[PDB]
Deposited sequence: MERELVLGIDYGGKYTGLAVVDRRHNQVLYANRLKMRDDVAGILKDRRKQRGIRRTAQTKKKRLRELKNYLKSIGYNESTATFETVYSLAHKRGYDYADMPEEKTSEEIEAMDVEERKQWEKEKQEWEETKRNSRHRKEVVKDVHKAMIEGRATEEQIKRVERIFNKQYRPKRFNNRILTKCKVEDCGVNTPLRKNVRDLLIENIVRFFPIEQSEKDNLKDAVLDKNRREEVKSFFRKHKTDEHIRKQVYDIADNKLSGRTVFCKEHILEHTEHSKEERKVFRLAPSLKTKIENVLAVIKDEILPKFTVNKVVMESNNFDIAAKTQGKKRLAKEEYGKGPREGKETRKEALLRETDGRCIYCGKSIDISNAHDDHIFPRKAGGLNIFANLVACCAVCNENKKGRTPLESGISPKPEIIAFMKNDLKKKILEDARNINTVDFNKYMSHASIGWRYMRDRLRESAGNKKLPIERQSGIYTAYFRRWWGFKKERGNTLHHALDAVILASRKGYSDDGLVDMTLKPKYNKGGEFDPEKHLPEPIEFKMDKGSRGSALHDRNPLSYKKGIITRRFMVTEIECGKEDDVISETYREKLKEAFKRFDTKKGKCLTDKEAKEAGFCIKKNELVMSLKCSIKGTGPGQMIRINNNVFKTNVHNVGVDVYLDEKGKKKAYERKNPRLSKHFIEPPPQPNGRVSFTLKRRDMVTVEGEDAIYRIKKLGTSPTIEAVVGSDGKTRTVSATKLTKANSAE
């Protein structure tokens, strides 16, 4: 009995099916929803880790400055100590601190810039502080090595690590800005020009400030706009992330032959395997046809596909059907493909595990306050949500808040809630229920 389990893996939903290949009977067919909340949770972890390690570095800098200043005779009371210890909590940026994310971060930088200073300002301020406090010059020079000190090393050059795709080498892929010579040529191999012209284009695009010859060639030669964009991405050194798999396999990857993967992808695959282990109990599948996508003559094995095959063998022929046959037998057996349809995923899993014939008669079936016994935490006017405006303890600003959220239904500056030193939004105490 050829019980073949077919798994169609989308970016969000996943279809599972088990098709007895005699008479193309279907013994199991199901859909499953994958966890899409893991990347945001990891982003929350990254933000929390950055906050905690910034606080820890602040503690280390404060302890070091306190120890040094008490060593050179500047006790806590010293008017020369309090000024320097006050500027230690606010040392400022040392000029060392897709479009939506850029726009978003750009605003917070300006937000930080509108209410902070440059390292040089806090430093010239500790200068004037210790130049009238009789600190000679060496001691002021030694507190500049505490203000302008990095405690945890900033190591970001070789962190995002990707292995190769061809599966017989899992070596470290280089960054896109290191193997540009192997990158640009990967474009020009599929070009209808002479090899000498290929080398001339290599020399022109590969920096050397010779983009005018690149533009002249591109005006002269008929070349696609996406290839135009890729070449100009190579030439302008705007490349980000690692290269598309290792150097010896950039130019040759037409032959076939995984502990590292995205943890969101890993937990999606494990959820699918959790459902698979609920298929495994009552069905012994002798073969597995899997096509893992987003939504022969195929491309290389996907990292999620490879991890899925390895974990399926751990929990056996596990093949990957081409998209041509699956797409053909799909619409030809009725209906078409819909992105985000769970039924479509289930029926693609049914088709994937089915024994194909040829010429339609086979496929059957933040801390809080605890004063006076009542909880009252402070929330900014931006952080106060509608419906819960009555929890504000401040009766002086309660009417003002509700009126602004009704009369006016930037708005805070219009409503006059930017009353601070740097015109920041004020915060009100709200009674937590």
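For this chain, the deposited residues without C-alpha positions form the stretches 1-2, 100-115, 276-280, 319-442, 463-467, 512-514, 521-556, 601-609, 634-747, given in sequence order.
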